[PDB]
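Remarks on the structure that follows.
There are 2 protein chains.
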Amino acid sequence: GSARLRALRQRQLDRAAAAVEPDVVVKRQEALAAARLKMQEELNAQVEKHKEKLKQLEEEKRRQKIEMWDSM
Amino acid sequence: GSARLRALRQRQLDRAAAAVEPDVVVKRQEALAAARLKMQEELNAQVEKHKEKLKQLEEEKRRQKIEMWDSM
Ligand SMILES: [Cl-]
Ligand SMILES: [Cl-]
Ligand SMILES: [Cl-]
Ligand SMILES: [Cl-]
Numbered sequence: 051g052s053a054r055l056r057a058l059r060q061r062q063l064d065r066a067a068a069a070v071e072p073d074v075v076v077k078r079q080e081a082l083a084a085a086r087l088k089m090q091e092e093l094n095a096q097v098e099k100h101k102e103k104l105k106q107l108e109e110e111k112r113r114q115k116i117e118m119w120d121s122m
Numbered sequence: 051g052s053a054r055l056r057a058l059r060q061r062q063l064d065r066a067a068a069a070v071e072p073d074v075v076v077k078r079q080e081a082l083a084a085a086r087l088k089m090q091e092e093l094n095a096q097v098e099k100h101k102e103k104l105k106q107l108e109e110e111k112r113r114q115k116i117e118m119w120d121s122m
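Protein chains in written order, with the deposited numbering: chain A, 51 to 122; chain A', 51 to 122. A prime marks a further copy of an entry chain.
Structure below.
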């Protein structure tokens, strides 16, 4: 071994432990939570868009029937 | 006037009346009804597709929540 290698190991240990230090853990959670919020906003907007489309399609179905009876 | 013009008028009258002759009326109705059936089949398939999408989006919303609680 050597002094340089012993220093390298210690720095690797510092890096390995840093992944789960409290500042890192909270920042990484905040990043995950912000991504989840964005994705929930997008899912919600899609849900509303599909509901609106279903409303419109039902109205077109009703119109097709009325139109027929009107044309008689 | 003239014989050719009197014949032309009579043929125009035949054409004008032909639009509402019974064979024409039934064939034109069958064309309208076949178009309506096609459009109703397409509306119905769209309705089912949007319902399926809504089902999937609701499942993704639920998954996002479970995943969070699981990650704690
Ligand atoms: Cl470590
Ligand atoms: Cl849509
Ligand atoms: Cl006529
Ligand atoms: Cl869809």
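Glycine residues also receive a C-beta, built at the ideal position from the N, C-alpha and C atoms.
Any non-hydrogen atom of ligand 4 within 8 angstroms of residue i CB
i	result
residue 103 of chain A'	yes
residue 99 of chain A'	yes
Inter-residue spacing [alpha-carbon to alpha-carbon] between residue i and residue j
i	j	result
residue 13 of chain A'	residue 56 of chain A'	In the structure as shown, chain A' begins at 51 and stops at 122. Residue 13 of chain A' is therefore absent and cannot be evaluated.
residue 114 of chain A'	residue 79 of chain A	14 angstroms
residue 101 of chain A'	residue 74 of chain A	42 angstroms
residue 52 of chain A'	residue 62 of chain A'	15 angstroms
C-beta neighbour in chain A for residue i, strict 9 angstroms
i	result
residue 90 of chain A'	yes
residue 97 of chain A'	yes
residue 103 of chain A'	yes
residue 52 of chain A'	no
residue 71 of chain A'	no
residue 82 of chain A'	yes
heavy atom of ligand 3 below 8 angstroms from residue i C-beta
i	result
residue 58 of chain A'	no
residue 63 of chain A'	yes
residue 81 of chain A'	no
CB contact below 9 angstroms: residue i versus chain A'
i	result
residue 56 of chain A	no
Q: Only counting runs of 4 or more residues, tell me where the alpha helix (DSSP H) segments fall wholly within the region 51 to 93 of chain A', in order along the chain.
A: 53 to 68
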